[PDB]
Amino acid sequence: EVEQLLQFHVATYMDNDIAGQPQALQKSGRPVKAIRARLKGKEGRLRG
Amino acid sequence: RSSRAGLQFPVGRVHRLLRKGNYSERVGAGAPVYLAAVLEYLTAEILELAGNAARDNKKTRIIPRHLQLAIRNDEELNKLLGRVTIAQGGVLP
Amino acid sequence: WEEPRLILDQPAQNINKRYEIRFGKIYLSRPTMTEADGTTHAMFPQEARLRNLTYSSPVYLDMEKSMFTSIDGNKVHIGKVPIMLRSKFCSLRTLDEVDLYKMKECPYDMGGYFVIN
Amino acid sequence: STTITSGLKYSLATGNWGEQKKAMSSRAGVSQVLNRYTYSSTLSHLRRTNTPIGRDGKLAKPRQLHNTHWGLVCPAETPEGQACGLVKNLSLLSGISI
Amino acid sequence: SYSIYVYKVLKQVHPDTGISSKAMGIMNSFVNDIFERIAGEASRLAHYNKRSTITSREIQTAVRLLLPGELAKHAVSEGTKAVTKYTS
Amino acid sequence: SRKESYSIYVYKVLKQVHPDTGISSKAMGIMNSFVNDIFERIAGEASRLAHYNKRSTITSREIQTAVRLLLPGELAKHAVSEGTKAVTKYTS
Amino acid sequence: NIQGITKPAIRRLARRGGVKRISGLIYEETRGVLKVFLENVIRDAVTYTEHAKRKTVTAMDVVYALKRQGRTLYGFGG
DNA sequence: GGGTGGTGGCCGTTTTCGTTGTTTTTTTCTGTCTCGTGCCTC
RNA sequence: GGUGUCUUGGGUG
DNA sequence: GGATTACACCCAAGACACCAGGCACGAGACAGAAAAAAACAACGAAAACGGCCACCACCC
């Protein structure tokens with residue numbers, strides 16, 4: 001259980017858009033801004 | 001004890017017999033209560049039927065024959081005591 | 001009254017013990033204001049607009065707790081509901097034009113909105 | 001008592017129609033700041049309507065002025081851009097059943 | 001012996017009925033027999049599971065193993081009932 | 001964690017009685033079953049023997065009587081010989 | 001699944017038991033008997049399994065059930 | 001006709017109370033389990 | 001000498 | 001269903017704790033004994049229950 005918690009924290013630290021599972025959430029209900037989310041999109045690093 | 005458990009059978013004695021019966025190193029508080037209750041129940045069932053048999057034969061006292069009749073004419077009691085010989089019990093006609 | 005009753009239960013070994021409450025009437029009062037002193041008074045939309053208050057009415061729900069044991073609770077305040085201005089529960093519904101002017105309200109203002117903060 | 005009060009206040013103050021922890025998957029914009037720039041803008045804002053189709057989808061059919069709209073929604077008043085045809089405005093003699 | 005307890009039970013279920021000496025002897029044999037069956041099975045149950053204590057749970061399981069059908073259900077009921085009452 | 005069987009002792013005995021004979025794993029399992037079974041029979045009977053006679057100690061005498069009750073005839077006599085000889089030698 | 005105990009299988013068992021000729025009604029009869037047998041052993045086995053708070057019937061549970069039914073089995077204590 | 005299924009009086013014998021010898025269940029203080037409570041998170 | 005982050009709604013081109 | 005439905009730009013108004021059950025301390029519940037009044041077995045008696053006897057009725 002605890003090693004899988006570690007696996008999930010490490011995964012959602014890098015990619016919080018994994019199909020077929022809940023998202024790592026913040027205190028306010030919003031999801032965590034993962035690094036992938038930092039890098040992708042109109043507003044991400046590359047295009048923004 | 002037995003008064004508190006609502007039983008006639010001796011809880012203290014059953015407990016002691018469990019302790020000295022080489023069954024386990026320790027014996028729980030509820031075990032002799034449970035066991036005494038079971039023994040009393042079975043005794044009650046057999047005495048019920050055997051008493052009924054005595055009434056049929058018009059004898060107030062209960063004799064081994066009545067016990068045999070009671071046990072063998074009851075399916076589950078009969079299985080429970082399938083390998084038991086009741087002295088002076090005879091057999092079912 | 002959609003779901004008008006709650007029920008707890010425990011049978012065990014033996015008495016059946018149900019604790020139960022039945023929701024009753026709703027009571028709707030005019031919008032009031034409560035100060036940090038504890039004093040209260042009527043609240044009007046202009047005051048609510050100036051002091052960044054919410055213009056809402058207190059809602060009370062009667063609750064009647066019952067218990068049954070077979071061997072085999074006042075006007076609870078549940079929250080404040082915001083009031084639509086110029087509706088039947090607004091404090092501007094009465095007060096014809098003169099007192100509307102005295103209450104700093106524009107006669108052309110038609111209502112239809114809420115005041116939150 | 002703070003549960004109902006905080007919920008009603010949160011929904012009417014943010015527009016997110018639903019529980020606070022379910023802000024996503026809840027309708028947004030249900031409540032809006034009343035437009036008081038001029039008088040007619042207030043009168044129009046108090047009579048506005050919204051179809052929650054969303055901009056995810058280029059189906060032009062629900063954005064279209066329809067024959068059955070006659071007398072019920074204004075044939076001319078609609079926002080430009082992504083709300084065109086989705087935000088409607090009641091005709092002067094329109095009325096909503098109770 | 002269990003004579004006095006057997007008698008008490010007898011007076012519960014048949015107030016005006018007695019019992020011969022031989023029949024009492026048979027009842028005593030019975031009680032000791034069932035005692036040994038149940039205690040023995042409970043002992044083995046405790047050993048198999050590396051438990052050093054025989055509790056009411058071993059007694060119950062042993063009863064379920066040893067007794068047939070309705071007798072098992074009723075005996076289990078009486079045991080649990082007695083333990084509950086004693087505990088109260 | 002540690003696991004235990006009579007396997008090596010059964011093997012040693014096998015090598016005593018048949019130096020050029022081996023044994024399958026399943027047959028070894030059956031032998032282990034056997035040894036445990038007879039153990040429980042003898043120890044149980046000896047326990048009852050000690051209890052019947054109001055004794056708190058199981059001795060070689062209880063074991064011997066139990067052997068005489070449980071085993072038939074010549075098997076019993078031979079077993080008794082082996083046991084008695086082993087105890088007499090051990091004490092010395 | 002009791003029907004999975006086929007006529008040929010029962011015939012083989014009877015052959016090992018030395019039976020030369022078999023009445024047609026035997027097979028169903030046998031299915032009944034076996035069924036009962038299994039019910040009695042498995043019951044006790046599951047009881048042991050339930051006593052140990054397990055969800056897995058072990059070989060030892062079966063062995064104990066067989067033993068208490070006077071059907072001692074050798075070879076599965078390992 | 002030879003048993004077996006009924007009636008009523010007399011004699012054996014007997015297991016439960018009156019009462020006690022012998023054995024016995026547990027309350028309070030101390031040393032372990034178990035839960036309520038406080039700080040912090042294409 | 002150092003004037004913070006994200007969503008909802010309404011517009012302009 | 002990982003995406004995503006044009007670019008720049010303008011201000012309205014909102015969260016800034018979601019939450020229980022994580023770790024350790026202190027208050028209930030349980031196990032350990034024994035002398036003394038209470039329960040079990042023992043000494044003796046009682047009419048009451050069971051087998052016998054004087055006397056009795058029926059069938060293949």
# chains A, B, ... in the order shown; residues from 1 in each chain; ligands from 1
$ residues_around --residues "segment 42-44 of chain F" --least-positions-apart "2" --cutoff "8 Å" --atoms "only C-alpha atoms (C1' of nucleotides)" --output "PyMOL selection string"
chain F and resi 38-40+46-48+63+66-67+70
$ interface_residues --of "chain J" --to "chain D" --cutoff "8 Å" --atoms "only C-alpha atoms (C1' of nucleotides)" --output "list in words"
residues 4, 5, 12, 13, 14 and 18 of chain J
$ write_last_selection --atoms "C-alpha atoms (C1' of nucleotides)" --output "compact mmCIF listing (two decimals), in the first residue's frame"
# COMPACT_ATOMS: atom_id res chain seq x y z
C1' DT J 4 -9.24 20.45 -28.87
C1' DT J 5 -12.05 23.72 -31.52
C1' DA J 12 -15.91 42.97 -13.64
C1' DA J 13 -15.93 38.83 -9.13
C1' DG J 14 -14.59 34.63 -6.57
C1' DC J 18 -11.07 19.42 1.57
$ closest_residue --among "E:4, E:19, E:66, E:46" --to "chain B" --atoms "only C-alpha atoms"
E:19
$ interface_residues --of "chain D" --to "chain C" --cutoff "8 Å" --atoms "only C-alpha atoms" --output "mmCIF file with N, CA, C and O atoms, in the first residue's frame"
data_model
loop_
_atom_site.group_PDB
_atom_site.id
_atom_site.type_symbol
_atom_site.label_atom_id
_atom_site.label_comp_id
_atom_site.auth_asym_id
_atom_site.auth_seq_id
_atom_site.Cartn_x
_atom_site.Cartn_y
_atom_site.Cartn_z
ATOM 1 N N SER D 1 -25.549 25.424 10.971
ATOM 2 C CA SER D 1 -26.304 26.217 10.007
ATOM 3 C C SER D 1 -25.433 26.770 8.892
ATOM 4 O O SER D 1 -25.963 27.122 7.834
ATOM 5 N N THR D 2 -24.123 26.855 9.091
ATOM 6 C CA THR D 2 -23.267 27.479 8.096
ATOM 7 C C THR D 2 -23.177 26.686 6.800
ATOM 8 O O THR D 2 -22.646 27.210 5.821
ATOM 9 N N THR D 3 -23.682 25.452 6.757
ATOM 10 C CA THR D 3 -23.544 24.660 5.538
ATOM 11 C C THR D 3 -24.429 25.202 4.421
ATOM 12 O O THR D 3 -23.942 25.499 3.326
ATOM 13 N N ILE D 4 -25.726 25.391 4.691
ATOM 14 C CA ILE D 4 -26.628 25.909 3.667
ATOM 15 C C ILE D 4 -26.282 27.353 3.329
ATOM 16 O O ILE D 4 -26.284 27.748 2.158
ATOM 17 N N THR D 5 -25.971 28.157 4.348
ATOM 18 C CA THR D 5 -25.625 29.554 4.113
ATOM 19 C C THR D 5 -24.379 29.662 3.247
ATOM 20 O O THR D 5 -24.370 30.379 2.241
ATOM 21 N N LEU D 8 -25.222 28.359 -0.486
ATOM 22 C CA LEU D 8 -25.964 29.335 -1.275
ATOM 23 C C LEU D 8 -25.108 30.547 -1.604
ATOM 24 O O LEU D 8 -25.103 31.026 -2.742
ATOM 25 N N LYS D 9 -24.370 31.061 -0.615
ATOM 26 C CA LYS D 9 -23.543 32.231 -0.857
ATOM 27 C C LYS D 9 -22.434 31.932 -1.851
ATOM 28 O O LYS D 9 -22.161 32.744 -2.736
ATOM 29 N N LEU D 12 -24.111 31.605 -5.447
ATOM 30 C CA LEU D 12 -24.567 32.873 -5.992
ATOM 31 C C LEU D 12 -23.434 33.875 -6.178
ATOM 32 O O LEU D 12 -23.562 34.777 -7.007
ATOM 33 N N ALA D 13 -22.336 33.750 -5.437
ATOM 34 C CA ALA D 13 -21.225 34.672 -5.573
ATOM 35 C C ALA D 13 -20.200 34.254 -6.613
ATOM 36 O O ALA D 13 -19.485 35.111 -7.141
ATOM 37 N N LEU D 34 -24.703 41.907 -12.031
ATOM 38 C CA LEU D 34 -25.698 42.670 -12.770
ATOM 39 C C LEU D 34 -25.041 43.853 -13.460
ATOM 40 O O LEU D 34 -24.292 44.610 -12.842
ATOM 41 N N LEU D 46 -31.514 41.403 -17.119
ATOM 42 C CA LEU D 46 -32.502 40.742 -16.276
ATOM 43 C C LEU D 46 -33.437 39.818 -17.051
ATOM 44 O O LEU D 46 -34.230 39.112 -16.430
#
$ interface_residues --of "chain E" --to "chain J" --cutoff "12 Å" --atoms "only C-alpha atoms (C1' of nucleotides)" --output "JSON, numbers by chain"
{"E": [1, 2, 3, 4, 5, 16, 17, 18, 19, 20]}
$ write_last_selection --atoms "N, CA, C and O atoms" --output "PDB file, in the first residue's frame"
ATOM      1  N   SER E   1     -19.585 -36.229  39.927  1.00  0.00           N
ATOM      2  CA  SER E   1     -20.475 -36.552  38.825  1.00  0.00           C
ATOM      3  C   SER E   1     -21.421 -35.387  38.548  1.00  0.00           C
ATOM      4  O   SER E   1     -21.466 -34.419  39.302  1.00  0.00           O
ATOM      5  N   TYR E   2     -22.166 -35.486  37.452  1.00  0.00           N
ATOM      6  CA  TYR E   2     -23.094 -34.434  37.047  1.00  0.00           C
ATOM      7  C   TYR E   2     -24.506 -34.664  37.565  1.00  0.00           C
ATOM      8  O   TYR E   2     -25.432 -33.950  37.181  1.00  0.00           O
ATOM      9  N   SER E   3     -24.657 -35.655  38.441  1.00  0.00           N
ATOM     10  CA  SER E   3     -25.967 -36.117  38.906  1.00  0.00           C
ATOM     11  C   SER E   3     -26.913 -35.002  39.361  1.00  0.00           C
ATOM     12  O   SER E   3     -28.070 -34.966  38.942  1.00  0.00           O
ATOM     13  N   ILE E   4     -26.431 -34.122  40.233  1.00  0.00           N
ATOM     14  CA  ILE E   4     -27.251 -33.034  40.766  1.00  0.00           C
ATOM     15  C   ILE E   4     -27.721 -32.035  39.711  1.00  0.00           C
ATOM     16  O   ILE E   4     -28.811 -31.473  39.818  1.00  0.00           O
ATOM     17  N   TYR E   5     -26.895 -31.819  38.695  1.00  0.00           N
ATOM     18  CA  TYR E   5     -27.207 -30.880  37.623  1.00  0.00           C
ATOM     19  C   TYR E   5     -28.176 -31.511  36.630  1.00  0.00           C
ATOM     20  O   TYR E   5     -29.113 -30.860  36.155  1.00  0.00           O
ATOM     21  N   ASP E  16     -42.458 -33.549  37.645  1.00  0.00           N
ATOM     22  CA  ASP E  16     -42.972 -34.684  38.406  1.00  0.00           C
ATOM     23  C   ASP E  16     -42.359 -36.009  37.961  1.00  0.00           C
ATOM     24  O   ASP E  16     -42.916 -37.076  38.223  1.00  0.00           O
ATOM     25  N   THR E  17     -41.210 -35.942  37.298  1.00  0.00           N
ATOM     26  CA  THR E  17     -40.562 -37.138  36.779  1.00  0.00           C
ATOM     27  C   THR E  17     -39.213 -37.367  37.455  1.00  0.00           C
ATOM     28  O   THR E  17     -38.453 -36.424  37.684  1.00  0.00           O
ATOM     29  N   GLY E  18     -38.921 -38.625  37.765  1.00  0.00           N
ATOM     30  CA  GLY E  18     -37.663 -38.993  38.388  1.00  0.00           C
ATOM     31  C   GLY E  18     -36.785 -39.779  37.436  1.00  0.00           C
ATOM     32  O   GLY E  18     -37.021 -39.788  36.228  1.00  0.00           O
ATOM     33  N   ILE E  19     -35.777 -40.451  37.982  1.00  0.00           N
ATOM     34  CA  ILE E  19     -34.825 -41.186  37.162  1.00  0.00           C
ATOM     35  C   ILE E  19     -34.121 -42.278  37.966  1.00  0.00           C
ATOM     36  O   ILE E  19     -33.726 -42.069  39.115  1.00  0.00           O
ATOM     37  N   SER E  20     -33.994 -43.456  37.366  1.00  0.00           N
ATOM     38  CA  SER E  20     -33.343 -44.582  38.020  1.00  0.00           C
ATOM     39  C   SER E  20     -31.848 -44.326  38.158  1.00  0.00           C
ATOM     40  O   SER E  20     -31.302 -43.442  37.501  1.00  0.00           O
TER      41      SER E  20
END
$ interface_residues --of "chain A" --to "chain D" --cutoff "9 Å" --atoms "only C-alpha atoms" --output "NGL selection string"
:A and (28-30)
$ interface_residues --of "chain E" --to "chain C" --cutoff "12 Å" --atoms "only C-alpha atoms" --output "count of residues only"
8
$ residues_around --residues "residue 53 of chain J" --least-positions-apart "5" --cutoff "12 Å" --atoms "only C-alpha atoms (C1' of nucleotides)" --output "list in words"
residues 8, 9, 10 and 11 of chain H
$ write_last_selection --atoms "C-alpha atoms (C1' of nucleotides)" --output "CSV table (one decimal), in the first residue's frame"
chain,number,residue,atom,x,y,z
H,8,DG,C1',-57.2,-54.0,41.6
H,9,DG,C1',-54.5,-55.0,46.1
H,10,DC,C1',-50.1,-56.0,48.4
H,11,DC,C1',-44.9,-55.9,48.9
$ closest_residue --among "D:98, D:72, D:93, D:87" --to "residue 52 of chain D" --atoms "only C-alpha atoms"
D:87
$ atom_distance --atom1 "atom CA of residue 5 of chain F" --atom2 "atom CA of residue 59 of chain G"
16.2 Å
$ closest_atom_pairs --of "chain I" --to "chain A" --cutoff "12 Å" --atoms "only C-alpha atoms (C1' of nucleotides)" --output "CSV"
residue,atom,partner,partner_atom,distance
I:5,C1',A:33,CA,11.9
I:6,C1',A:30,CA,9.2
I:7,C1',A:30,CA,9.6
$ write_last_selection --atoms "N, CA, C and O atoms (P, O5', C5', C4', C3', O3' and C1' of nucleotides)" --output "PDB file, in the first residue's frame"
ATOM      1  P     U I   5       0.653  37.380 -11.090  1.00  0.00           P
ATOM      2  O5'   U I   5       0.132  35.922 -10.718  1.00  0.00           O
ATOM      3  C5'   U I   5       0.984  34.792 -10.831  1.00  0.00           C
ATOM      4  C4'   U I   5       0.282  33.525 -10.407  1.00  0.00           C
ATOM      5  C3'   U I   5      -1.025  33.219 -11.122  1.00  0.00           C
ATOM      6  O3'   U I   5      -0.832  32.607 -12.386  1.00  0.00           O
ATOM      7  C1'   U I   5      -1.320  32.953  -8.793  1.00  0.00           C
ATOM      8  P     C I   6      -1.892  32.837 -13.570  1.00  0.00           P
ATOM      9  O5'   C I   6      -3.102  31.866 -13.202  1.00  0.00           O
ATOM     10  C5'   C I   6      -2.903  30.465 -13.083  1.00  0.00           C
ATOM     11  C4'   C I   6      -4.149  29.774 -12.587  1.00  0.00           C
ATOM     12  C3'   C I   6      -5.397  29.972 -13.431  1.00  0.00           C
ATOM     13  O3'   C I   6      -5.447  29.096 -14.544  1.00  0.00           O
ATOM     14  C1'   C I   6      -5.919  30.336 -11.152  1.00  0.00           C
ATOM     15  P     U I   7      -6.600  29.257 -15.651  1.00  0.00           P
ATOM     16  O5'   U I   7      -7.826  28.430 -15.056  1.00  0.00           O
ATOM     17  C5'   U I   7      -9.081  28.420 -15.716  1.00  0.00           C
ATOM     18  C4'   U I   7     -10.226  28.375 -14.736  1.00  0.00           C
ATOM     19  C3'   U I   7     -11.512  29.039 -15.204  1.00  0.00           C
ATOM     20  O3'   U I   7     -12.291  28.200 -16.038  1.00  0.00           O
ATOM     21  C1'   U I   7     -11.001  29.769 -13.014  1.00  0.00           C
TER      22        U I   7
END
$ residues_around --residues "residue 71 of chain G" --least-positions-apart "4" --cutoff "12 Å" --atoms "only C-alpha atoms (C1' of nucleotides)" --output "PyMOL selection string"
chain G and resi 37+40-41+62-67
$ residues_around --residues "residue 66 of chain D" --least-positions-apart "5" --cutoff "10 Å" --atoms "only C-alpha atoms (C1' of nucleotides)" --output "MDAnalysis selection string"
chainID D and resid 61 73 75
$ select_by_dssp --residues "chain G" --states "helix (DSSP H, G or I)" --output "PyMOL selection string"
chain G and resi 2-4+7-16+26-51+59-68
$ write_last_selection --atoms "N, CA and C atoms" --output "compact mmCIF listing (two decimals), in the first residue's frame"
# COMPACT_ATOMS: atom_id res chain seq x y z
N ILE G 2 -22.02 -32.24 -10.93
CA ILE G 2 -22.04 -33.63 -10.52
C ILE G 2 -22.11 -34.55 -11.75
N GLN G 3 -22.68 -34.04 -12.84
CA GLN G 3 -22.78 -34.81 -14.09
C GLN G 3 -21.43 -34.91 -14.79
N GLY G 4 -20.47 -34.10 -14.36
CA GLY G 4 -19.11 -34.18 -14.87
C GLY G 4 -18.45 -35.47 -14.45
N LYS G 7 -20.26 -41.52 -16.78
CA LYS G 7 -20.45 -42.96 -16.77
C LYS G 7 -19.13 -43.73 -16.89
N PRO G 8 -18.27 -43.35 -17.85
CA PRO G 8 -16.99 -44.03 -18.05
C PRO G 8 -16.07 -43.94 -16.83
N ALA G 9 -16.07 -42.80 -16.16
CA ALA G 9 -15.24 -42.57 -14.98
C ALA G 9 -15.68 -43.48 -13.83
N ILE G 10 -16.99 -43.55 -13.65
CA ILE G 10 -17.58 -44.38 -12.61
C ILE G 10 -17.31 -45.85 -12.93
N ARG G 11 -17.38 -46.19 -14.21
CA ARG G 11 -17.05 -47.53 -14.68
C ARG G 11 -15.60 -47.88 -14.33
N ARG G 12 -14.69 -46.93 -14.52
CA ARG G 12 -13.28 -47.15 -14.20
C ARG G 12 -13.07 -47.38 -12.70
N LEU G 13 -13.70 -46.52 -11.89
CA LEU G 13 -13.65 -46.67 -10.44
C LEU G 13 -14.16 -48.04 -10.00
N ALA G 14 -15.28 -48.46 -10.57
CA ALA G 14 -15.85 -49.76 -10.26
C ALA G 14 -14.90 -50.89 -10.68
N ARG G 15 -14.26 -50.73 -11.84
CA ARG G 15 -13.27 -51.70 -12.30
C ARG G 15 -12.14 -51.86 -11.29
N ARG G 16 -11.63 -50.74 -10.79
CA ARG G 16 -10.58 -50.80 -9.77
C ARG G 16 -11.11 -51.50 -8.52
N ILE G 26 -26.84 -47.64 -11.58
CA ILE G 26 -25.71 -47.45 -10.66
C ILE G 26 -25.14 -46.04 -10.70
N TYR G 27 -24.95 -45.51 -11.91
CA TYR G 27 -24.22 -44.26 -12.09
C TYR G 27 -24.87 -43.12 -11.32
N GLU G 28 -26.17 -42.93 -11.53
CA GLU G 28 -26.89 -41.89 -10.81
C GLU G 28 -26.75 -42.12 -9.31
N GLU G 29 -26.90 -43.37 -8.89
CA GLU G 29 -26.78 -43.72 -7.49
C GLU G 29 -25.42 -43.26 -6.99
N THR G 30 -24.38 -43.59 -7.75
CA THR G 30 -23.02 -43.26 -7.35
C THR G 30 -22.90 -41.75 -7.20
N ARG G 31 -23.50 -41.02 -8.14
CA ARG G 31 -23.40 -39.57 -8.13
C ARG G 31 -23.99 -39.05 -6.84
N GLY G 32 -25.09 -39.65 -6.40
CA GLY G 32 -25.69 -39.25 -5.15
C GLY G 32 -24.71 -39.46 -4.01
N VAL G 33 -24.14 -40.67 -3.94
CA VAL G 33 -23.30 -41.04 -2.82
C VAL G 33 -22.10 -40.11 -2.74
N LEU G 34 -21.39 -39.97 -3.86
CA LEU G 34 -20.22 -39.11 -3.92
C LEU G 34 -20.60 -37.72 -3.46
N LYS G 35 -21.76 -37.24 -3.93
CA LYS G 35 -22.17 -35.88 -3.63
C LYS G 35 -22.21 -35.74 -2.12
N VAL G 36 -22.89 -36.69 -1.47
CA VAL G 36 -23.04 -36.65 -0.03
C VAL G 36 -21.66 -36.61 0.60
N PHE G 37 -20.80 -37.52 0.14
CA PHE G 37 -19.47 -37.65 0.70
C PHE G 37 -18.79 -36.29 0.66
N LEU G 38 -18.82 -35.66 -0.51
CA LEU G 38 -18.08 -34.43 -0.68
C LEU G 38 -18.65 -33.40 0.27
N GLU G 39 -19.98 -33.34 0.33
CA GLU G 39 -20.65 -32.35 1.15
C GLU G 39 -20.18 -32.46 2.58
N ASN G 40 -19.98 -33.69 3.04
CA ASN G 40 -19.59 -33.88 4.43
C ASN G 40 -18.16 -33.45 4.67
N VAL G 41 -17.26 -33.75 3.74
CA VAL G 41 -15.86 -33.43 3.96
C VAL G 41 -15.65 -31.93 3.81
N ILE G 42 -16.09 -31.41 2.67
CA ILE G 42 -15.88 -30.02 2.32
C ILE G 42 -16.46 -29.11 3.40
N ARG G 43 -17.66 -29.44 3.87
CA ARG G 43 -18.28 -28.71 4.97
C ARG G 43 -17.27 -28.53 6.10
N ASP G 44 -16.77 -29.64 6.63
CA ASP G 44 -15.85 -29.57 7.75
C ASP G 44 -14.62 -28.78 7.35
N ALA G 45 -14.16 -28.99 6.12
CA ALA G 45 -12.95 -28.33 5.66
C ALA G 45 -13.17 -26.83 5.73
N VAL G 46 -14.32 -26.39 5.23
CA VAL G 46 -14.60 -24.97 5.15
C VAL G 46 -14.70 -24.43 6.57
N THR G 47 -15.25 -25.26 7.47
CA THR G 47 -15.39 -24.86 8.86
C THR G 47 -14.00 -24.52 9.40
N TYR G 48 -13.04 -25.40 9.14
CA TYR G 48 -11.68 -25.16 9.61
C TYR G 48 -11.17 -23.86 9.00
N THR G 49 -11.41 -23.72 7.69
CA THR G 49 -10.96 -22.54 6.97
C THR G 49 -11.59 -21.29 7.59
N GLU G 50 -12.83 -21.41 8.05
CA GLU G 50 -13.51 -20.24 8.57
C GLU G 50 -13.01 -19.95 9.97
N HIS G 51 -12.59 -21.00 10.67
CA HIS G 51 -12.10 -20.83 12.03
C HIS G 51 -10.77 -20.09 12.02
N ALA G 59 -4.78 -27.70 1.98
CA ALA G 59 -4.73 -29.15 1.99
C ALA G 59 -4.90 -29.66 3.42
N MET G 60 -4.32 -28.94 4.38
CA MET G 60 -4.40 -29.35 5.78
C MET G 60 -5.83 -29.29 6.32
N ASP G 61 -6.61 -28.30 5.89
CA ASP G 61 -8.01 -28.22 6.30
C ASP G 61 -8.74 -29.49 5.88
N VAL G 62 -8.54 -29.88 4.62
CA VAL G 62 -9.11 -31.10 4.07
C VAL G 62 -8.64 -32.32 4.85
N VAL G 63 -7.34 -32.40 5.11
CA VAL G 63 -6.76 -33.51 5.86
C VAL G 63 -7.39 -33.64 7.25
N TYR G 64 -7.59 -32.51 7.92
CA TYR G 64 -8.21 -32.49 9.24
C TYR G 64 -9.66 -32.94 9.17
N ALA G 65 -10.37 -32.50 8.14
CA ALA G 65 -11.77 -32.88 7.97
C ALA G 65 -11.89 -34.40 7.77
N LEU G 66 -11.03 -34.92 6.90
CA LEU G 66 -10.99 -36.34 6.61
C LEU G 66 -10.66 -37.13 7.88
N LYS G 67 -9.67 -36.65 8.62
CA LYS G 67 -9.27 -37.29 9.87
C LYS G 67 -10.40 -37.36 10.89
N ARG G 68 -11.09 -36.24 11.09
CA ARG G 68 -12.18 -36.23 12.05
C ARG G 68 -13.38 -37.02 11.53
$ residues_around --residues "residue 34 of chain A" --least-positions-apart "6" --cutoff "8 Å" --atoms "only C-alpha atoms (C1' of nucleotides)" --output "PyMOL selection string"
chain A and resi 12-16
$ atom_distance --atom1 "atom CA of residue 91 of chain C" --atom2 "atom CA of residue 52 of chain C"
17.7 Å
$ residues_around --residues "residue 40 of chain A" --least-positions-apart "6" --cutoff "12 Å" --atoms "only C-alpha atoms (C1' of nucleotides)" --output "PDB file with C-alpha atoms (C1' of nucleotides), in the first residue's frame"
ATOM      1  CA  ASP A  15       2.037  13.568 -15.166  1.00  0.00           C
ATOM      2  CA  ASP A  17      -3.289  13.281 -16.807  1.00  0.00           C
ATOM      3  CA  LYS A  33      -0.181  21.518 -11.947  1.00  0.00           C
ATOM      4  CA  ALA A  34       2.078  18.677 -13.022  1.00  0.00           C
ATOM      5  CA  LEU A  46       6.861  25.763 -25.619  1.00  0.00           C
ATOM      6  CA  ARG A  47       4.057  27.797 -27.190  1.00  0.00           C
ATOM      7  CA  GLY A  48       3.477  30.259 -24.350  1.00  0.00           C
TER       8      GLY A  48
ATOM      9  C1'  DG J   2      -3.702  11.715 -24.420  1.00  0.00           C
ATOM     10  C1'  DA J   3      -5.685  16.144 -27.920  1.00  0.00           C
TER      11       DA J   3
END
$ select_by_dssp --residues "chain C" --states "strand (DSSP E)" --output "ChimeraX atom specification"
/C:5-10,16-28,32-34,40-42,56-70,75-82
$ interface_residues --of "chain E" --to "chain G" --cutoff "8 Å" --atoms "only C-alpha atoms" --output "ChimeraX atom specification"
/E:45,49,58,61,64-65
$ write_last_selection --atoms "N, CA and C atoms" --output "short mmCIF file (atom, residue, chain, number, x, y, z; two decimals), in the first residue's frame"
data_model
loop_
_atom_site.label_atom_id
_atom_site.label_comp_id
_atom_site.auth_asym_id
_atom_site.auth_seq_id
_atom_site.Cartn_x
_atom_site.Cartn_y
_atom_site.Cartn_z
N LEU E 45 -8.26 -27.60 17.43
CA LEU E 45 -8.49 -26.34 16.73
C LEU E 45 -7.48 -25.29 17.17
N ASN E 49 -4.00 -23.75 14.84
CA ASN E 49 -3.89 -22.33 14.56
C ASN E 49 -2.86 -21.66 15.45
N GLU E 58 -13.44 -21.42 19.83
CA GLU E 58 -13.06 -22.81 19.60
C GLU E 58 -14.18 -23.75 20.01
N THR E 61 -16.87 -23.54 17.23
CA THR E 61 -16.45 -24.23 16.02
C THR E 61 -16.50 -25.74 16.22
N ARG E 64 -19.90 -26.99 16.03
CA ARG E 64 -20.38 -27.04 14.65
C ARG E 64 -19.83 -28.27 13.93
N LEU E 65 -18.60 -28.66 14.26
CA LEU E 65 -17.99 -29.86 13.69
C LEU E 65 -18.62 -31.15 14.20
#
$ closest_atom_pairs --of "chain G" --to "chain F" --cutoff "8 Å" --atoms "only C-alpha atoms" --output "tab-separated table"
residue	atom	partner	partner_atom	distance
G:74	CA	F:30	CA	5.0
G:75	CA	F:30	CA	4.1
G:76	CA	F:29	CA	6.6
G:77	CA	F:33	CA	6.1
G:78	CA	F:29	CA	6.2
